[PDB]
């Protein structure tokens, strides 16, 4: 899965998140088309409940969340990210970091992330949080679990004056945010 954002000189904005599901998907190319085929059928409930069950012509549920935040009536933050169910909390943190903590788009992007998806019952964290903070969380009853980096945000913040501010996730080597 991968996400990209775009903002033009007129102030139009687009956020796109698309995928093959897993990396390279099935790894199967369609004959001599040179086109890799997705393995999206795995995103259906194999056996959640019946809501996301495999059915003909049905679209499997996805966590992909291209998102746009508006401030003072104007497009202000354009973001999104890959990461399966972690997409929800990654995008959530981009929004909270920007609105509540007043972080610029790069600061918000480079900040460490945490995540809790109910089951497993564990507060998953990236490297970067204070040992003192983590101990407090455990004292609160949280089961802290240090794991792999989460997501790949590609975002653009728009100033009311038209100035554009962007940031590519450090978690993805070779990525890039550029403009003119």
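Numbering follows the first chain given and starts at 1.
According to the entry, the stretch of the deposited sequence that connects residue 47 to residue 48 contains 10 or more residues lacking coordinates, which leaves a long gap in the model. Between 65-73 and 140-148, it is 140-148 that carries the larger average Cα temperature factor according to the deposited entry. When the two stretches 154-162 and 168-176 are set side by side, the higher mean Cα temperature factor goes to 154-162.
In this PDB entry, the Cα temperature factor of residue 127 sits in the top third of its chain's modelled residues, the highest group. Residue-level temperature factors show residue 113 in the lowest third of its chain, judged at the C-alpha atom.
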